[PDB]
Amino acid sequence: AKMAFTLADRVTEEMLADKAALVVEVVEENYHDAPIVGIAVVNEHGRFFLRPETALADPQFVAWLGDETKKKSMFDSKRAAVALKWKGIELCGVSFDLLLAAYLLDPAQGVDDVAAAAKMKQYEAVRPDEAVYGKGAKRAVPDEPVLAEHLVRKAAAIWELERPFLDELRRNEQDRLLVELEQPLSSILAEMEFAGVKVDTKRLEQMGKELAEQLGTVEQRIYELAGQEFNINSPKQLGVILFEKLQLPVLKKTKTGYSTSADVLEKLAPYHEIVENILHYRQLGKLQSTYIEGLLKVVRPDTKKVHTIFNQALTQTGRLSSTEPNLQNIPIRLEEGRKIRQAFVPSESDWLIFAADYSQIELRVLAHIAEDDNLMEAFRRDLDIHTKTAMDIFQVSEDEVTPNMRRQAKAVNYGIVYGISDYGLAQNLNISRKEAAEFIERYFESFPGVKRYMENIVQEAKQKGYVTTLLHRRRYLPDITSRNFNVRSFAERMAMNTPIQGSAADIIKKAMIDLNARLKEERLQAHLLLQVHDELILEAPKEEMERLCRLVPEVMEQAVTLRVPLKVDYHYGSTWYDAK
């Protein structure tokens, strides 16, 4: 059953065909400055395994890797491209990435290795990486014989599966989504990750000491108010102290019993002082663990930079996810945590951080897709959408809109996008299930276009079996036909939300691509550092700020043309915190 291949000692001419399936293996999950343990090439002439030390030292191979005219088919080309960047080697000409192709065909499959992608086409002559390398404490690179056969089988699979994957992508009208959006974006993300973001570690350690001090005070205050010490981080221990020793009221429970969620403690706060302290302790506790100690652990000692990894094939909606560290969830809501951003600084002297973000892109996308006259007119007048919704569902003038009315219209606007229920609008606004239902009724009366879209998209999900975004990304919703109300309802909410969140993702991804091209033709030194769903963060010399103030917003606003305008706000400063 073994697969025939040449275990080459030297690089030859036939290994450099202008078309080939290429495997540049990096076994370490975090591929930054990680080892390349082997190389496999499959082309018209045969199958080959090359030892990295040999291949990467050969000027002929290296040139082939960087020759844009020599086309390569790979799996997760970003991983190889970045690992190669760390060795000062450029990877060009990747015309097909099986991981991205698999992801577009069905995000739900969770394809993370060649074997899983191959299985989609009944191809099983390749083993899953986990079966070869193992996982966790047991993970390790196998002997050359086992390793070489595994890499060649993966390259062989890629070589065989390219045509079948492209054909289905074409049938789905997703060929351009792969070739003109996701693949080019892959190279941009690779540059972003490689460049990294500089961290002011001394600033972070300084914040750590101040937090450690505060945590100490609130912690002692808590043990005092409870007249006993205990593990505040233990949901089990906290429960006995609150609901037993202190006799606090039990209003909500979890899957295992006593509920000490923030939603519960907020309502218990009036009963005992210890509750507000527990909450605060938890806030500071998150800052310390994840954003102080957690960040410090991944900052490179030598460059003082953090190199995140953007997973481009994980989310079910087309969004990116960020890991080790997650730079898409750095505090900003509360001031204490927002200060964390003062630690993210430009990588060069006299450079500044520039941040641009779309304003209400999801509601604007909803207005476009549903073609609701009232909603489109609101954005055409650049009105405060929450005040406008309040005026409509409460039928009052702009002057009569009280702060509480806007707060509730706000929760309704965002509930609508999430496919909220009269029950969940009730749990969020803490009101009557029938009153929440009437808010929704009112909303759909003022925005019948949105009502029609919600109804039609669900029927479409049931008729076709999936829903799609502006750029043809799709999500299958098999549970939409379930006879179980909860399972079915969840699928209906996904049907309503995916085209919105997904189209917003498509737009910013296209903006990133257009922006990179504009920065290059203008020969600006500014470059992308991060993407946070609806915002782009860049760093550039202070001298380029005036030009970026006009360029970035324009590129983002013109990424796609909708029935309503796209609005972008931007700010810049000496740190990410100041880019406000």
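So that there is no doubt, residue numbering starts at 1 and follows the sequence shown.
279-287 and 451-459 differ in mean CA B-factor, and the higher of the two is recorded for 279-287.
Mean CA B-factor, 571-579 versus 4-12: the higher value falls on 4-12. Based on the entry's C-alpha B-factors, the most elevated value among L185, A155, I500, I431 belongs to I431. For the set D372, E219, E168, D112, the maximum C-alpha B-factor listed in the entry falls on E219.
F344: CA B factor lies in the middle third for its chain, per the PDB record. Ranked by C-alpha B-factor against the other modelled residues of its chain, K202 falls in the highest third. In this PDB entry, the Cα temperature factor of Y223 sits in the top third of its chain's modelled residues, the highest group.
For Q531, the recorded CA temperature factor ranks within the lowest third of the chain's modelled residues. Compared with the other modelled residues of the chain, the Cα B-factor recorded for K121 ranks in the middle third.
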